[PDB]
Number of protein chains: 2
Amino acid sequence: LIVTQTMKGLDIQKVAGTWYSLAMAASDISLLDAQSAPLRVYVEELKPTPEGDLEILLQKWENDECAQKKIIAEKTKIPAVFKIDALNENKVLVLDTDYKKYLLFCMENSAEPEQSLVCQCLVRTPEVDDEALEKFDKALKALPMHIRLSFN
Amino acid sequence: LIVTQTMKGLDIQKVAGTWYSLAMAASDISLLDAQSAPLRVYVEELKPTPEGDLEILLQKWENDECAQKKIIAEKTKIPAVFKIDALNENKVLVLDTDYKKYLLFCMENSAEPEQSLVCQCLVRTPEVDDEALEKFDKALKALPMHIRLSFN
């Protein structure tokens with residue numbers, strides 16, 4: 001990705017609160033094949049830390065259960081780009097957000113071969129509104145997504 | 001679906017030959033979740049029978065293997081609509097085909113609650129041409145597809 005495709009003037013403190021994963025897209029089928037993929041998560045909550053970092057509350061499908069996992073994304077030199085300092089490092093890219101309604105973000109795997117990428121459209125409330133989905137779609141044409149999910 | 005969304009003037013004898021599954025879409029995520037779903041098949045070949053019926057050579061993911069399954073779709077009173085006379089009956093709807101390049105078809109589950117539906121874009125040769133994908137996309141806007149796959 002590029003620094004221009006990311007958001008500009010992002011205020012991490014305004015993304016706080018709960019969010020709902022509405023749609024999912026991925027560059028490689030496998031990445032979201034079954035409930036399988038390690039990138040097949042659902043953002044439940046976003047909590048920024050005073051030092052500017054990003055705490056993310058996810059939920060996964062684990063052993064017929066809905067597992068809660070908490071991972072922290074560290075602030076990098078570039079805004080809207082966060083790093084999940086793990087054995088396998090991941091970068092959380094925030095593309096666009098109005099803070100109030102939607103929030104589009106992606107997770108990129110560097111270690112992998114080409115560009116393992118996965119994005120999510122997050123809505124504040126599960127309203128019968130579809131501006132978020134639209135914004136999502138427009139923001140994904142410029143990317144090679146091979147799988148596309150939309151949730152009930 | 002409706003008799004107008006199906007093809008008109010379809011010549012089953014011209015669809016003979018081999019085909020490749022290029023893209024997949026489904027009305028319900030589950031239907032194509034992992035290699036899982038019973039509708040997660042890949043058309044390898046289409047062989048029409050003299051009596052007008054349709055023999056389909058599929059391949060599935062079975063026990064870490066690529067299983068070959070042959071099912072026959074019986075000719076119904078309406079053209080481009082075929083029935084897979086099974087315990088669980090299924091209807092194979094052919095939407096549009098130029099016989100030479102692409103072929104768009106869907107599989108609908110009647111027994112299910114609402115409208116279990118799954119469609120495939122089939123190409124003759126895996127060319128670097130994308131008219132088929134386009135035709136596929138246009139033919140799916142008028143349908144509630146929640147999952148969308150595209151193969152390497």
# chains A, B, ... in the order shown; residues from 1 in each chain; ligands from 1

$ interface_residues --of "chain B" --to "chain A" --cutoff "7 Å" --atoms "only C-alpha atoms" --output "list in words"
residues 33, 34, 146, 147, 148, 149 and 150 of chain B

$ calpha_fit_and_write --fixed "chain A" --moving "chain B" --output "mmCIF file with C-alpha atoms, in the first residue's frame"
data_model
loop_
_atom_site.group_PDB
_atom_site.id
_atom_site.type_symbol
_atom_site.label_atom_id
_atom_site.label_comp_id
_atom_site.auth_asym_id
_atom_site.auth_seq_id
_atom_site.Cartn_x
_atom_site.Cartn_y
_atom_site.Cartn_z
ATOM 1 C CA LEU B 1 0.000 0.000 0.000
ATOM 2 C CA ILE B 2 0.996 3.684 -0.010
ATOM 3 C CA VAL B 3 1.010 6.598 2.468
ATOM 4 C CA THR B 4 -1.533 8.339 0.258
ATOM 5 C CA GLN B 5 -4.062 5.486 0.464
ATOM 6 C CA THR B 6 -4.054 5.817 4.252
ATOM 7 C CA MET B 7 -5.957 8.490 6.134
ATOM 8 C CA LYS B 8 -4.663 12.008 6.744
ATOM 9 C CA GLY B 9 -5.356 13.924 9.944
ATOM 10 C CA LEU B 10 -6.514 10.837 11.798
ATOM 11 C CA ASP B 11 -7.560 11.326 15.416
ATOM 12 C CA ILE B 12 -7.059 7.985 17.163
ATOM 13 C CA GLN B 13 -8.890 9.266 20.247
ATOM 14 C CA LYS B 14 -12.124 9.622 18.289
ATOM 15 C CA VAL B 15 -12.164 6.007 17.100
ATOM 16 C CA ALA B 16 -12.772 4.835 20.666
ATOM 17 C CA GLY B 17 -15.944 2.913 21.365
ATOM 18 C CA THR B 18 -17.564 -0.174 19.959
ATOM 19 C CA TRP B 19 -17.657 -1.173 16.305
ATOM 20 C CA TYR B 20 -19.260 -3.934 14.220
ATOM 21 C CA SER B 21 -17.588 -5.784 11.366
ATOM 22 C CA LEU B 22 -19.959 -5.409 8.437
ATOM 23 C CA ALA B 23 -18.077 -6.551 5.379
ATOM 24 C CA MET B 24 -14.803 -8.312 4.687
ATOM 25 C CA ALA B 25 -12.483 -8.571 1.711
ATOM 26 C CA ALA B 26 -9.159 -10.277 1.247
ATOM 27 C CA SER B 27 -6.369 -10.473 -1.329
ATOM 28 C CA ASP B 28 -6.164 -14.256 -0.979
ATOM 29 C CA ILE B 29 -9.123 -16.619 -0.603
ATOM 30 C CA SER B 30 -7.394 -18.696 2.056
ATOM 31 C CA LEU B 31 -7.200 -15.652 4.334
ATOM 32 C CA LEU B 32 -10.929 -15.895 4.979
ATOM 33 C CA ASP B 33 -11.794 -19.343 3.597
ATOM 34 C CA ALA B 34 -13.692 -20.862 6.507
ATOM 35 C CA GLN B 35 -14.148 -19.430 10.004
ATOM 36 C CA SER B 36 -10.597 -20.756 9.693
ATOM 37 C CA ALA B 37 -8.150 -17.977 8.750
ATOM 38 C CA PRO B 38 -6.219 -16.128 11.537
ATOM 39 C CA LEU B 39 -7.408 -12.924 9.856
ATOM 40 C CA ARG B 40 -11.052 -13.961 10.119
ATOM 41 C CA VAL B 41 -11.701 -11.790 13.181
ATOM 42 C CA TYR B 42 -14.535 -9.450 14.167
ATOM 43 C CA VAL B 43 -13.784 -6.117 15.786
ATOM 44 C CA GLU B 44 -15.911 -5.778 18.892
ATOM 45 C CA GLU B 45 -14.131 -2.751 20.353
ATOM 46 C CA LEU B 46 -11.442 -0.112 19.842
ATOM 47 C CA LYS B 47 -9.763 1.541 22.800
ATOM 48 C CA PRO B 48 -6.968 4.075 22.232
ATOM 49 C CA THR B 49 -4.338 4.402 24.962
ATOM 50 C CA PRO B 50 -3.148 7.747 26.409
ATOM 51 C CA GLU B 51 0.262 7.304 24.766
ATOM 52 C CA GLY B 52 -1.345 7.192 21.327
ATOM 53 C CA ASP B 53 -1.411 3.432 20.761
ATOM 54 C CA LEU B 54 -4.300 1.251 19.682
ATOM 55 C CA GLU B 55 -5.876 -1.549 21.715
ATOM 56 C CA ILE B 56 -8.221 -3.765 19.680
ATOM 57 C CA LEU B 57 -10.867 -6.135 21.097
ATOM 58 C CA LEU B 58 -11.523 -8.912 18.578
ATOM 59 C CA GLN B 59 -13.536 -12.119 18.690
ATOM 60 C CA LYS B 60 -12.659 -15.237 16.759
ATOM 61 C CA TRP B 61 -14.206 -18.625 16.080
ATOM 62 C CA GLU B 62 -12.340 -21.006 18.384
ATOM 63 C CA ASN B 63 -13.288 -24.648 19.134
ATOM 64 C CA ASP B 64 -17.030 -24.031 18.496
ATOM 65 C CA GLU B 65 -16.780 -20.941 20.726
ATOM 66 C CA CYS B 66 -16.489 -17.187 20.208
ATOM 67 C CA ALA B 67 -13.049 -16.383 21.633
ATOM 68 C CA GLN B 68 -12.151 -12.854 22.774
ATOM 69 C CA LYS B 69 -8.603 -11.770 21.893
ATOM 70 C CA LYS B 70 -6.930 -8.488 22.766
ATOM 71 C CA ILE B 71 -3.976 -7.258 20.723
ATOM 72 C CA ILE B 72 -2.264 -3.854 20.771
ATOM 73 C CA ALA B 73 -1.158 -1.936 17.710
ATOM 74 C CA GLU B 74 1.796 0.360 18.339
ATOM 75 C CA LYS B 75 2.046 3.885 16.962
ATOM 76 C CA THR B 76 4.465 4.195 14.046
ATOM 77 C CA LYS B 77 6.134 7.251 12.518
ATOM 78 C CA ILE B 78 3.361 7.465 9.945
ATOM 79 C CA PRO B 79 -0.228 8.305 11.089
ATOM 80 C CA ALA B 80 -3.071 5.827 10.453
ATOM 81 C CA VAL B 81 -0.483 3.028 10.343
ATOM 82 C CA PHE B 82 -0.076 0.809 13.382
ATOM 83 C CA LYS B 83 2.166 -2.165 14.063
ATOM 84 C CA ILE B 84 1.191 -5.278 15.944
ATOM 85 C CA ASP B 85 4.576 -6.034 17.486
ATOM 86 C CA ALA B 86 4.404 -9.852 17.426
ATOM 87 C CA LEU B 87 6.647 -12.748 16.371
ATOM 88 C CA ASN B 88 4.800 -12.369 13.080
ATOM 89 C CA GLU B 89 4.563 -8.603 12.660
ATOM 90 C CA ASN B 90 1.397 -7.076 11.241
ATOM 91 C CA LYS B 91 0.512 -3.505 10.263
ATOM 92 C CA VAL B 92 -2.979 -2.095 10.836
ATOM 93 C CA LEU B 93 -3.792 0.472 8.123
ATOM 94 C CA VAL B 94 -6.709 2.827 8.713
ATOM 95 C CA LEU B 95 -8.070 4.020 5.357
ATOM 96 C CA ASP B 96 -10.943 6.325 6.122
ATOM 97 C CA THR B 97 -13.297 7.119 8.970
ATOM 98 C CA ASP B 98 -15.915 9.702 9.864
ATOM 99 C CA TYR B 99 -15.560 8.551 13.488
ATOM 100 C CA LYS B 100 -19.330 8.733 13.839
ATOM 101 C CA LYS B 101 -20.623 6.166 11.312
ATOM 102 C CA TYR B 102 -18.004 3.987 9.618
ATOM 103 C CA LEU B 103 -14.319 3.047 9.727
ATOM 104 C CA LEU B 104 -12.404 1.188 7.014
ATOM 105 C CA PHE B 105 -9.190 -0.582 7.924
ATOM 106 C CA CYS B 106 -6.892 -3.325 6.685
ATOM 107 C CA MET B 107 -4.395 -5.757 8.132
ATOM 108 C CA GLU B 108 -1.299 -6.474 6.068
ATOM 109 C CA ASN B 109 1.123 -9.374 6.539
ATOM 110 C CA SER B 110 4.692 -8.397 5.629
ATOM 111 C CA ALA B 111 6.449 -11.709 6.383
ATOM 112 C CA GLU B 112 4.299 -13.491 3.764
ATOM 113 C CA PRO B 113 5.369 -13.663 0.071
ATOM 114 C CA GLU B 114 3.540 -10.998 -1.950
ATOM 115 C CA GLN B 115 1.068 -8.869 0.004
ATOM 116 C CA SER B 116 -1.241 -10.748 2.362
ATOM 117 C CA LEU B 117 -3.976 -8.148 2.964
ATOM 118 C CA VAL B 118 -7.389 -8.142 4.645
ATOM 119 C CA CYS B 119 -9.783 -5.261 5.196
ATOM 120 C CA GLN B 120 -12.928 -4.628 7.179
ATOM 121 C CA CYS B 121 -15.779 -2.176 7.029
ATOM 122 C CA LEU B 122 -16.803 -1.275 10.553
ATOM 123 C CA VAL B 123 -20.039 0.486 11.468
ATOM 124 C CA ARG B 124 -20.960 2.153 14.777
ATOM 125 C CA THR B 125 -24.525 0.891 14.941
ATOM 126 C CA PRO B 126 -25.836 -1.858 12.635
ATOM 127 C CA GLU B 127 -28.201 0.645 10.939
ATOM 128 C CA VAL B 128 -30.089 0.014 7.713
ATOM 129 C CA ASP B 129 -27.761 2.563 6.110
ATOM 130 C CA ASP B 130 -25.270 1.637 3.356
ATOM 131 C CA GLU B 131 -22.946 4.627 2.867
ATOM 132 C CA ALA B 132 -20.261 2.653 4.686
ATOM 133 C CA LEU B 133 -20.533 -0.299 2.307
ATOM 134 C CA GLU B 134 -20.292 2.121 -0.606
ATOM 135 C CA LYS B 135 -17.238 3.859 0.846
ATOM 136 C CA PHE B 136 -15.807 0.374 1.416
ATOM 137 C CA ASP B 137 -16.353 -0.708 -2.181
ATOM 138 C CA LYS B 138 -14.860 2.428 -3.687
ATOM 139 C CA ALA B 139 -11.827 2.035 -1.424
ATOM 140 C CA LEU B 140 -11.262 -1.544 -2.587
ATOM 141 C CA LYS B 141 -11.351 -1.187 -6.367
ATOM 142 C CA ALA B 142 -7.756 0.042 -6.245
ATOM 143 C CA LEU B 143 -6.781 -3.264 -4.618
ATOM 144 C CA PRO B 144 -6.555 -6.937 -5.733
ATOM 145 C CA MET B 145 -9.210 -8.507 -3.502
ATOM 146 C CA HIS B 146 -10.172 -12.052 -4.460
ATOM 147 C CA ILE B 147 -12.713 -12.708 -1.714
ATOM 148 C CA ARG B 148 -15.558 -10.513 -0.542
ATOM 149 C CA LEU B 149 -17.832 -11.072 2.497
ATOM 150 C CA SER B 150 -20.904 -9.191 3.775
ATOM 151 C CA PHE B 151 -22.532 -10.063 7.108
ATOM 152 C CA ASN B 152 -26.189 -10.508 8.024
#

$ select_by_dssp --residues "range 21-146 of chain B" --states "strand (DSSP E)" --output "PyMOL selection string"
chain B and resi 21-26+42-48+54-62+65-75+81-84+90-97+102-109+116-123
